[PDB]
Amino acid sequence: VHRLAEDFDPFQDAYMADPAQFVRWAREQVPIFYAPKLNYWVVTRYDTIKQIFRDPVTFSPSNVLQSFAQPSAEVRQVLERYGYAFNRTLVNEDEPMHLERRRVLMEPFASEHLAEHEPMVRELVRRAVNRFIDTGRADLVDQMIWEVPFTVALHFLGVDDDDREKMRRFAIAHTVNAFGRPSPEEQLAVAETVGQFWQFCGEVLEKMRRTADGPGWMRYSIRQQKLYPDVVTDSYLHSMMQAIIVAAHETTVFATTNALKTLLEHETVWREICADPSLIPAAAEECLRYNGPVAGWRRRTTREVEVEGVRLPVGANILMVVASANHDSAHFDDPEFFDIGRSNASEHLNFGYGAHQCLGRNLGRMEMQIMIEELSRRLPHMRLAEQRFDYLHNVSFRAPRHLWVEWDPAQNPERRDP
């Protein structure tokens, strides 16, 4: 138990594939421990994690997007060449300004406004499945799930048709760079893309200011800046395109990939949702609890504070193993039961809790639900193919990189006889 704390290393297959099992020892008997390989304190229980999320002044989100790689002089030089001035934009932003900015920018995330995006999501998903449904073997990640949430994010922002086509090359992987230990080479490749995207978005922001009464979050926020000029700076608005894409893209990809893996691995449940699609919203919620995209999330203390009887110093790094909380028998009855009927499944912590709780969570849920319904209606007869599941190593987000499935196209429901 002393040994497991000293040896704690999340940069390995077992933490990525099943973090809740990997730390079950700690959830059961060691609710806080220091991990000297990380210089992080690690918490694993549902109520400890809710307590930390509940106080954003004591427990700052300043380290949420902090890379574990050693810092890069070449990275800084590339970003300064492009005039990069990305702000800490909501997810890792401190009080008091975070809640003031969330108050003025949150309206377009309301369920009533996200409802306008539903036809576009349905069309993207139908068009993606059309491109592979007649083949009989496909990787659901590379052949649909990767791209759909990137395009959805650009629609939520209000990016115009020509600009979305020019943005295809910016749909890169950010998870290892922000939450893991990228090589010097990967760090520099991401920096170059980020700087180029900063330049591209400066130009999009001028155009959006010319059509400020048009649709989407960016134009909403430009109109809010006119009402609250001392709350919304120009560089914060410039930062909002990247912030939303990072927030909305791989999160949703990982959630959907995991949900499909779990539903196909639990064949009786796949059969149930193929028979009764009204079960899909609740099923997607239990997928988030049982096999969610968030392994871990982070905070840094701003004052000495007692957590589980241990007084942490100022500036202490905390890893909250959200997947462990989501498997915690002290909150979830029979947590190893994958139960799509679970009434409290939405009490999972993949969207956080409290002041920074995910603003886009209902759009993420809608995308998951539409992708599951399209595949259960048009490919009920598919099955997971034999394959190895590989996870990129990082502290926060987990999903297999590929998800191969196979089926008989002649038995597709849209071709099958009555």
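Numbering starts at 1 and runs along the sequence shown.
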Higher-B stretch (mean Cα B-factor, as the entry records it), 397-405 or 8-16: 8-16
Of 244-252 and 154-162, the one with larger mean CA B-factor: 154-162
Top Cα B factor in the deposited entry, candidates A173, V148, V322, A275: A275
Out of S235, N344, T301, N258, highest CA B-factor residue: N344
Ranked against its chain, the third holding the CA B-factor of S111: highest
Third of the chain, ranked by Cα B-factor, where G292 sits: lowest
Third of chain Cα B-factors occupied by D390: highest
Assigned third (lowest, middle, highest) for the C-alpha B factor of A128: middle
Chain-relative CA temperature factor third for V305: highest
